[PDB]
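*Asks:* Supplied in structure tokens, the structure appears directly below.
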Amino acid sequence: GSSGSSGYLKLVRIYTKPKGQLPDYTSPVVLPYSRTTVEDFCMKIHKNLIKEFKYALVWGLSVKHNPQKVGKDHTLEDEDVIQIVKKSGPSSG
């Protein structure tokens, strides 16, 4: 009944791909299944990343044809690589 204790709470790992650099495969991010989404990861790195986050390139079964452009409403899966890109333009102050 009244849920609350641990149980079917799975954990999915996401391999971030920092532009220019290679995607870390030893220091991935373990996100709670219950909550799995691009907008969910952006937070892990920064609480104001989603503001710059333009799109993400998922690489794996999650998508049929990769790389594939995804938004913040996209669902992340275990053992998946995501390349967080930051908008490119003139920023005032």
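Residue numbers start at 1 in each chain; chains themselves are named A, B, ... in the order of the structure tokens; ligands are numbered from 1 in the order shown.
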DSSP says strand (DSSP E) for which residues of chain A? Put them as an NGL selection string?

*Replies:* :A and (11-16 or 29-32 or 53-58 or 68-70 or 80-82 or 84-86)

*Asks:* Might you pull out every residue within 12 Å of residue 25 (chain A), with only C-alpha atoms counted and same-chain residues fewer than 2 positions away left off, and present them as a list in words?

*Replies:* residues 13, 14, 15, 16, 17, 18, 22, 23, 27, 28, 29, 30, 79, 80, 81 and 82 of chain A

*Asks:* List the spatial neighbours of residue 84 (chain A) as a ChimeraX atom specification - criterion: any atom at most 10 Å away, only C-alpha atoms, same-chain residues fewer than 6 positions off excluded.

*Replies:* /A:16-19,38,41-42,49-50,52-58

*Asks:* I need the residues from that last selection saved to file as an mmCIF file, in the first residue's frame (with N, CA, C and O atoms), if you can.

*Replies:*
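Just written: out_17.cif:
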```cif
data_model
loop_
_atom_site.group_PDB
_atom_site.id
_atom_site.type_symbol
_atom_site.label_atom_id
_atom_site.label_comp_id
_atom_site.auth_asym_id
_atom_site.auth_seq_id
_atom_site.Cartn_x
_atom_site.Cartn_y
_atom_site.Cartn_z
ATOM 1 N N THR A 16 27.727 11.710 -20.525
ATOM 2 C CA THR A 16 27.741 13.047 -21.102
ATOM 3 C C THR A 16 28.888 13.205 -22.094
ATOM 4 O O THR A 16 29.985 12.686 -21.880
ATOM 5 N N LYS A 17 28.631 13.927 -23.180
ATOM 6 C CA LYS A 17 29.642 14.155 -24.205
ATOM 7 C C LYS A 17 29.955 15.641 -24.338
ATOM 8 O O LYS A 17 29.304 16.374 -25.083
ATOM 9 N N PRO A 18 30.977 16.100 -23.601
ATOM 10 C CA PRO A 18 31.402 17.504 -23.621
ATOM 11 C C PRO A 18 32.053 17.894 -24.944
ATOM 12 O O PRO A 18 33.115 17.382 -25.300
ATOM 13 N N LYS A 19 31.411 18.802 -25.669
ATOM 14 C CA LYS A 19 31.927 19.263 -26.952
ATOM 15 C C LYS A 19 33.447 19.397 -26.911
ATOM 16 O O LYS A 19 34.006 19.926 -25.951
ATOM 17 N N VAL A 38 16.071 14.572 -20.391
ATOM 18 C CA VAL A 38 17.149 15.504 -20.697
ATOM 19 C C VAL A 38 17.158 16.674 -19.718
ATOM 20 O O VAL A 38 18.203 17.038 -19.181
ATOM 21 N N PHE A 41 18.793 15.828 -16.481
ATOM 22 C CA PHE A 41 20.249 15.747 -16.446
ATOM 23 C C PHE A 41 20.869 17.138 -16.369
ATOM 24 O O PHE A 41 21.719 17.404 -15.517
ATOM 25 N N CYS A 42 20.442 18.021 -17.264
ATOM 26 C CA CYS A 42 20.956 19.385 -17.299
ATOM 27 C C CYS A 42 21.084 19.955 -15.891
ATOM 28 O O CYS A 42 21.998 20.727 -15.603
ATOM 29 N N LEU A 49 21.507 25.255 -16.553
ATOM 30 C CA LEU A 49 22.035 24.758 -17.818
ATOM 31 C C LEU A 49 20.945 24.722 -18.885
ATOM 32 O O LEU A 49 21.176 25.098 -20.035
ATOM 33 N N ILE A 50 19.759 24.269 -18.496
ATOM 34 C CA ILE A 50 18.632 24.187 -19.418
ATOM 35 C C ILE A 50 18.417 25.512 -20.141
ATOM 36 O O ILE A 50 17.802 25.558 -21.207
ATOM 37 N N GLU A 52 20.768 27.332 -21.432
ATOM 38 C CA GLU A 52 21.664 27.362 -22.583
ATOM 39 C C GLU A 52 21.472 26.123 -23.453
ATOM 40 O O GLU A 52 21.692 26.161 -24.663
ATOM 41 N N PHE A 53 21.063 25.024 -22.827
ATOM 42 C CA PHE A 53 20.845 23.773 -23.543
ATOM 43 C C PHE A 53 19.974 23.997 -24.775
ATOM 44 O O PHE A 53 18.810 24.383 -24.666
ATOM 45 N N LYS A 54 20.547 23.754 -25.950
ATOM 46 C CA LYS A 54 19.826 23.928 -27.204
ATOM 47 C C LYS A 54 19.261 22.599 -27.696
ATOM 48 O O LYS A 54 18.115 22.526 -28.138
ATOM 49 N N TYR A 55 20.073 21.551 -27.615
ATOM 50 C CA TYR A 55 19.654 20.224 -28.053
ATOM 51 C C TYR A 55 20.618 19.154 -27.548
ATOM 52 O O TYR A 55 21.687 19.464 -27.022
ATOM 53 N N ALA A 56 20.231 17.894 -27.711
ATOM 54 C CA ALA A 56 21.060 16.777 -27.275
ATOM 55 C C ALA A 56 21.089 15.671 -28.326
ATOM 56 O O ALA A 56 20.069 15.361 -28.943
ATOM 57 N N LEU A 57 22.262 15.082 -28.524
ATOM 58 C CA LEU A 57 22.424 14.010 -29.501
ATOM 59 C C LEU A 57 22.566 12.659 -28.808
ATOM 60 O O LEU A 57 23.658 12.277 -28.387
ATOM 61 N N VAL A 58 21.455 11.938 -28.695
ATOM 62 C CA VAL A 58 21.456 10.627 -28.057
ATOM 63 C C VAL A 58 22.044 9.566 -28.982
ATOM 64 O O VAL A 58 21.813 9.585 -30.190
#
```

*Asks:* Identify which of the residues A:48, A:5, A:75, A:26 lies closest to residue 61 (chain A), counting only C-alpha atoms when measuring atom-to-atom distances.

*Replies:*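 Closest to residue 61 (chain A) of all the choices is A:75.
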
*Asks:* From the DSSP assignment of the backbone, select every residue of chain A that is alpha helix (DSSP H), and format the answer as a PyMOL selection string.

*Replies:* chain A and resi 38-45

*Asks:* Could you jot down the CA of residue 47 (chain A) to CA of residue 4 (chain A) separation for me, Å, one decimal place?

*Replies:*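 Calculated distance between CA of residue 47 (chain A) and CA of residue 4 (chain A) is 26.3 Å.
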
*Asks:* By how many Å are CA of residue 72 (chain A) and CA of residue 20 (chain A) apart?

*Replies:* 21.8 Å
